[PDB]
Amino acid sequence: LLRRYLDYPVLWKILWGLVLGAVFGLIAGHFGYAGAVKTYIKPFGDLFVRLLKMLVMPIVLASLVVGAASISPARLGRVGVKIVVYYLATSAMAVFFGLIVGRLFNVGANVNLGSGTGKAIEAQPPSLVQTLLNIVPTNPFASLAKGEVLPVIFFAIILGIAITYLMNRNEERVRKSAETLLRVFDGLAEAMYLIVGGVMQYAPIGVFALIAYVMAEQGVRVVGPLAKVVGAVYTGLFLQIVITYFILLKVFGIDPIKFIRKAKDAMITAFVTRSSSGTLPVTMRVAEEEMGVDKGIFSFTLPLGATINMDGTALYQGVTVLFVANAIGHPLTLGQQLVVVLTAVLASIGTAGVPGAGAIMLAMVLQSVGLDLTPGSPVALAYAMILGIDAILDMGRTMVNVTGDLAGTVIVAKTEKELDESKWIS
Amino acid sequence: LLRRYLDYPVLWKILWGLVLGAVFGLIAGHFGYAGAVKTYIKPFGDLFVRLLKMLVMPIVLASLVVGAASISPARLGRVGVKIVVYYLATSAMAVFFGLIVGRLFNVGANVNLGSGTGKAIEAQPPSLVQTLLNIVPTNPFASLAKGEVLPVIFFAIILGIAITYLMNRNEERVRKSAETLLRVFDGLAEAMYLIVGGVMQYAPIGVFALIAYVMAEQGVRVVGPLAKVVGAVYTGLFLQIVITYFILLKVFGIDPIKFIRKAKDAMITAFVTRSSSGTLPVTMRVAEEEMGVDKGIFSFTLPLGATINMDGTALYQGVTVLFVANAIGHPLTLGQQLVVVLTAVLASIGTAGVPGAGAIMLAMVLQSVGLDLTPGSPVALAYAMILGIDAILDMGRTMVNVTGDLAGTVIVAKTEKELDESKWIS
Amino acid sequence: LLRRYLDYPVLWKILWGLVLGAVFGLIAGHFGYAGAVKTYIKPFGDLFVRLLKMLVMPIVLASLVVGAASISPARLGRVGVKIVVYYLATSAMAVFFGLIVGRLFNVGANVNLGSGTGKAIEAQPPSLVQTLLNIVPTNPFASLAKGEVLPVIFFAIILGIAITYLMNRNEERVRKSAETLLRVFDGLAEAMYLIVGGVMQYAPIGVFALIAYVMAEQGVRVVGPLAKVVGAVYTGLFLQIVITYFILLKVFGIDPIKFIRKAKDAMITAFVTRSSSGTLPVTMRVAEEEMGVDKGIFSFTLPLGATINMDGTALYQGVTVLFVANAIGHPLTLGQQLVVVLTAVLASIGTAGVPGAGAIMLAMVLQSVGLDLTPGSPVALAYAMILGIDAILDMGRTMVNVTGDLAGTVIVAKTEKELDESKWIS
C-alpha cells in the first residue's frame, strides 16, 4: 500500500520486518535457493549497509562540534571527564565479563583446526603510546577522507571548544562568524538526523534482506560449535547489562527497571538495525522526551558514546579472541588476559558505528595478541567461521552498546542534578 | 592589447581561438616542429584542462544541493522522475543510434591488428546490481576526495532534500541553521559560477593550445582508417540530434528549429571547450534569459543533466566499442549489442564533465564486453589509435551532450507548464 | 602548579622549556638514558608535532580565503605581485647565499662515503613546467585530503577573489550567500587561531620533549663533520638576515634595527617551536599591534608568506645539497648551481609549515640534481646524518622564515603607504 508503509511506526515496523526475515530465510533454506536470495535480495541489505555507512562520518563530525560548542567549557570539561572515565571503566568491565563467560562456557574447544607448532611465542606487542598518539589527526581532511573516526572526533571536539571560546569575544566581526559556523554545523547535524530518519523508515526492507540472507545462507550453520559462541555472547551481554548497568544506576539513584522500561524503544531499534551511529535520532529522542536530560548532557555524550562507548562490541571481541585462541590450541593466561583487556578497549573504541564493523576491527586485536591473519593459517578459517554469525552477534552487541550509552548519559546527568526527576516518579 | 582581450565576447573569442588553432597546428606540421609546440604550448592546454577538472566536483556538489533544496519535495520528485526517465531513455537511444551508424558505416574495417584466437569467450559480465549499489557513497568525504561523481551527486541530492524538509520545521534554532547552510552552499555554487566565467575568459588561449597541439601532432594522423571513425561519430551525433531531439521537442510542442536557434550560443561553447561541467553558467544563462524556464527546473535539471546526461559521450563509446571489436576480428552480435547498450549508459553517466574523460571511461566499457586492457594485447594499440582523435571526437560529443541537456530541461518544463511562452511567439 | 602554568607568559615559557631541555638531554646522555627518554618522553614531542600538523591545511585554506576576500581585487593584484616577486627574489637570494657559505666553509669534505663511478651523468632534469602546472589542483578536495599545500593555496585564493566579486553584486539572494560563506571561513580561521594559541600553551612541554630527545640521542653526534654543517647553516642564516633583510629594509625607509627589535617576540617563538604555520597568531598580532600594518596586508601576505615564503628552509636545502654532493664525490658546478637555485625554490615553496618537513622535501631536490634516494646508495647514509641533526637546523631556518615573512609584509606595506609611521618615531 502506497504511503501506508511509511505510516506504520518505524519501531514496530522494523521489528516486524526482522521477525518476517527469519521465517523467509527458513522457507528459502527449505527451497534450498540460497543463491537466488543471495543474488536477488542481498543487494537490498548491502544497499542498506552502505546507506548506514554514509551517515557515520558527517554525523560524528557535525554533531560532536555542535555538542562541544553548545556547552560552557567548564561544564564541558566536567561532563567530558565524568563520561570518559565511565566509558573506559565499563569497556574494561565488559571485556573482563566477556573473558569470564568465555572461561565459563569454554568456547571453541573441539573444532580441531590444529595450528602447527610454528610462530607462537610472540604474543604481546601492545603499542599503547602509538595508538594513543594516533588520536590527534595529522591532517583532519585526510582523517575524514580515509575514514578514521577517532581523529575526526578529536578534531571536532577541539573545534567545538574553539567555537565556544569565540562566541564570548569582543569584536562583533569575530563573534558573528563563529555564530555562523556553529549554525552551519548545526544545520548539517539536523539534516543528518532527518536523513537518518529516512534511512530508518527504509530500514525494515533492509533488515528483511540482511537477516533473510543471513538465515538462508546459515540456516544450517548454527548447529556446530558456533552454537556455544552465539549462546556465550548473548549470555555475556545479558550479564554485562544486569550486573554493570544495574549496579551503576541503582547506586547513583535511578531505578534500573525504569531505565530499561524507558530505553526499550531504542534498545529494540538498535537490536534490529545492528548499527550504533545509525540510531542517534531515536536514542536522543528517547533520552530527551522519555529519560529527560537537558540538551547540554545528551547533545554531547550520546553523540560521543555512539562512536567510542562500545561495550557490546568490546565483549564480542573479548570472547572471540579467546575462542580463536582456544580453537588452535593456545588458551590465554593472566598476562594475556591483562593485555587483551587493554587492546580490546582501543580496538572497539576506534570502531565506526556501522554494521559489520565489529568483525573488521577483530583483526586489530588478533594481530595484537600474537596471532596472524594470512589466509594460509587456520586462524583464517576461524575468522571466517566467526564472520559467519557476525550478524547474529552484532544484532545483540549493538543493543548493548546503545543501552550502555543511555546508562552513561543518565548517570552523568544524575551526577549533574539536571535530571527530569518528575518522570521517575508516579 | 591590455584589458581588450577580456572585453572581447567570450563566445566569439572562444571560436576565434579554435579557428586559429587549426591554422597554426597546420603551419607547425608544415614546419615539422610538433615537438616544439608540444614542449612549449601544450602546457597551456594542460593547465586549462586541469582548471576544468578543478571545477567539476565543487560545482556538482554545491549546485546539486542548492537545486534540490530550492524545490518543494513533491515538485522535486516529479521533476526528478520526469528527468531521469528522459536521461536514461535518450542515453539508450543514443547508444543504439551509435551502434546503427557503426553497423552501416562499417567502422574499423581493415586495420589488421590481428588478435590471436585466445581469451575471447568471456564477453558479458554486466555487473548491473553492483555498479548501481555503487551510487550510495560509503563515506561522502571519501567519494569527494577520490573523485567519484555519482556518489557525490546522490549525497548532495539527499542533503538538499533534507534541507528543504528542514526549512519547514518549527524549532527556530533549526530553521535558521538550515537557511544558513543552504546560503553557504548557494554562495559556494555562485562563487564557482564566477570562477567558471573567469576560466571561460581564459579559455581561448587554452583552446589555441589544445587544438593546435592536437593538429600539429595529428596533422597527418587523420588520413588512415580513423577518417571513417571521425566521419561516423559526427554523423551519429547529427543523426542523434535531428532524429531524437527533433522528434521529442516537436511532439511536446516546442519547435526544434527555434530550440537550436536559441541554444547555439551554448552549443558552440560546449563544442569548443569540450567540457560539460565547464559550461554550466553559459547553458543556465541561455536557459533562463532565452529559453525561458523558471529556477525550479534549470537550477536542478541542468546542474544534474550536465554531469550524468551524456548522449554524445554515450554514442562515442557505443561506436568505439564496436570499432575495437571489429578491428581485432570479433564483431558484436545482438546479445553483445544489448549488453553494450546497458553498460555504455552506466559508463557514460559516471563520467565527470571534464575534457578527455570519454576515453578514460572507455575502459569500463571495453573491459565490460570481453576485451582486456593490458598493453601487450593489440587492444592497447586500438585504444591508443582512438585516444589519438579523442580530441576531435570530444569536441563534438560535448556539444551534443549540452544540446541534449537543454532539450531535456525544456521538455520537463513543457510538461510542468513553466515555459516563458513569450519568446516562442513573435 | 595548577592553572599557574597557563598564566605564565607563553613566550618566556616556550623559551624556558627549550633552555631546560638542553640541560635535561645532557644529564640523560650522562646517565646513558637515550632509550628511556626515547620510549617515555619522545611521545610528547611526537604528539606536539602531530598537533602542529593538524593546523596546517585548515589554517592555510580558511585564512587564505578570508585574506584574499577582504581585499578589493584592484589592491589585491598589486599586493600579490609585489609580494610574490619579493618572495621569489629573496628565496633565490637565500639559496645563492647558502651556496656561497657552502663554497666558503667546504661542508662535507672528509666523510669518505665514496660513491662508486656508477650512475652520475644524469644530473639536470629540472621539470619546471610540470611542477608549475601542478599548482592548479585537479580536484581541490583531493588536494586537501592528500596534503598538497600549494594547490589548496591557489584554490583558496581564487575562491577568495570569487567571493570578493560576489559581494559586489545586485541580487540580494547572492550577496547574502557570499557574505555568509565568507563569514563561515572567517569563523573557521579564527577558531584555528584560537586552537593554535591553545597549542602554544601546551607547546613548552612539547618543545621540551623534542629537544630533550634530540639532545639525549645526539648528545655526542655533534662532534664529527656535522659541526661544520651546523655552523655553516647558522652563519648562512645570519648572513641572509643581515645582508638581505637589512639592506632591503634600509633601502625602503624602515630602520632594520627597529624591525628586529619589534619582531623578536615572534622570531624567538618561531625559533623555538620550529614551525612556520604554527606561529601565525603570534606573527600576525606582532605585525598588527607592534609593526602597525592594517588588515589589508598582514591578513593575506603573512598567511601566504608563512606557507610559501621560506628563505631559511631554502638556504638549508641549498647547503645540504652541496654537502651531500661533496660527501660522495660530485661537487656542483655553475650549471648545477643555476639548476639547484631553480629547484630549491620550488622545493621549499611546496613545503608545509610543520616541523621536520625541510628534511622531507630535501628528497624532491636531491632527486632533482642527479642524486638518488634508494636505501642502497651511500645517500642513505649521508641523508641519514643530515636528518640526524634536523632539529638544530630547523629551529633556526623556521626563525629566518618568519623573519623574512615579517620583512616582506612590512616592505609591501611601506610601498603601499599603509604602514603605521607612528611606531617608528620616539
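Chains: A, B and C, in written order; residue numbering restarts at 1 for each.
By definition in this document, contacts are C-beta pairs under 8 Å (C-beta built on N, C-alpha and C of every residue); 3 or more make two chains touch, one makes a residue touch a chain.
Peer 1: What's the contact topology between the chains, one of line, ring, star, complete, other?
Peer 2: Basically all the chains touch each other, so complete.
Peer 1: For chain A versus chain B, which are copies of one sequence, does the interface use mostly the same residue numbers on each side, meaning over half shared, or is it different?
Peer 2: different
Peer 1: Suppose a student superposes the Cα atoms of chain B on chain C; what rotation angle should they report, nearest 5 degrees?
Peer 2: Nearest-5 rotation angle for the superposition: 120 degrees.
Peer 1: Counting in whole Å, what is the centre-to-centre distance of chain A and chain B, each centre being its mean C-alpha position?
Peer 2: 43
Peer 1: Counting only residues that touch at least two other chains, what does the list for chain C look like?
Peer 2: Residues 141, 144-146, 180, 184 of chain C each touch two or more of the other chains.
Peer 1: Taking the touch rule as given, give the residues of chain A at its contact with chain B in the complex, in rising order.
Peer 2: Those in contact with chain B are residues 43, 46-47, 50-51, 53-54, 56-58, 141, 144-147, 180, 183-184, 186-188, 190-192, 194-195, 198.
Peer 1: What residues on chain A touch chain C, complex-wise?
Peer 2: 129-130, 133, 136-142, 144-146, 155, 158-159, 162-163, 165-166, 173-174, 176-182, 184
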